[PDB]
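In what follows, a single structure is set out as structure tokens and then discussed.
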Amino acid sequence: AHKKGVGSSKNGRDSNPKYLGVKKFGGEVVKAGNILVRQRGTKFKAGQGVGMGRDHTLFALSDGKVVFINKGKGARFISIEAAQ
RNA sequence: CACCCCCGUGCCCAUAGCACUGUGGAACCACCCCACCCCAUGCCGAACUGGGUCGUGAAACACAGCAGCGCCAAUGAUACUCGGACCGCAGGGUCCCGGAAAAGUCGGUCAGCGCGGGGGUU
Ligand SMILES: [Mg+2]
Ligand SMILES: [Mg+2]
Ligand SMILES: [Mg+2]
Ligand SMILES: [Mg+2]
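Just so we're aligned, residue 2 is where the first sequence starts under the deposited numbering, counting upward by one.
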């Protein structure tokens, strides 16, 4: 006549969002200590003027202007060059 | 650099790599030889290290050749597609406008640009 279940899911679950990616893009002014990429790994390597926290977070060290170096795929660098 | 060549070291990060191959030796490099100590081996001077030859340039390195491989790669067309409009009950599909791949074909390539030093041009 009717049915009695009984099944469910073992799924559903997921994890709260991890707002990643670059926050500071090609040709952008930058204050000292402004963050420029959140990333899982070495996706973007620090160049001149940019350091890297343990989160592999890239944060700029001395003001200036942001510049993206794509060195042919899998090896890429972000840097600051000050204006003048 | 005056011309070559070699040693270091860079920008470049494979159209710059690998194989096959030829050349190279006292002038730089290499193997080489010795090691009780500095120094070093999870064991061994193989490697790090130390004292120095001759000998060999065979190995390795440098340079040249080469398109077998690798890598780079068109135009043409297409896929898809912003945005204009449409058909199909629906799965799905069309037209106009611009953008426009990937894979493949044409091919292209045995790299290029520096700095310093050494050593040669009866
Ligand atoms: Mg449309
Ligand atoms: Mg069209
Ligand atoms: Mg076009
Ligand atoms: Mg060669």
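Just so it is clear, CB atoms sit at the ideal spot from N, CA and C, and this is done for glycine as well.
Nearest neighbour of residue i, chosen from the options [CA to CA]
i   : options            : result
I70 : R41, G27, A33      : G27
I79 : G65, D64, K46      : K46
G65 : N17, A2, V30       : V30
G34 : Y20, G50, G22      : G50
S63 : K72, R77, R55, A84 : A84
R55 : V7, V38, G8        : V38
Assumed close pair residue i, residue j - CB separation to whole angstroms, cut-off 8 angstroms
i   : j   : result
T58 : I81 : Contact doesn't hold; Cβ gap of about 15 angstroms is too wide.
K25 : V68 : Contact flag wrong, Cβ pair sits at about 11 angstroms.
According to DSSP, residues forming a beta bridge with residue i
i   : result
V31 : BP columns for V31 are empty, so no partner.
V67 : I81
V23 : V38
Any beta strand (DSSP E) of 3 or more consecutive residues that is wholly inside the stretch 41-65:
For the stretch 41-65, the full-length beta strand (DSSP E) segments reaching 3 residues or more read 51-53, 59-61 along the chain.
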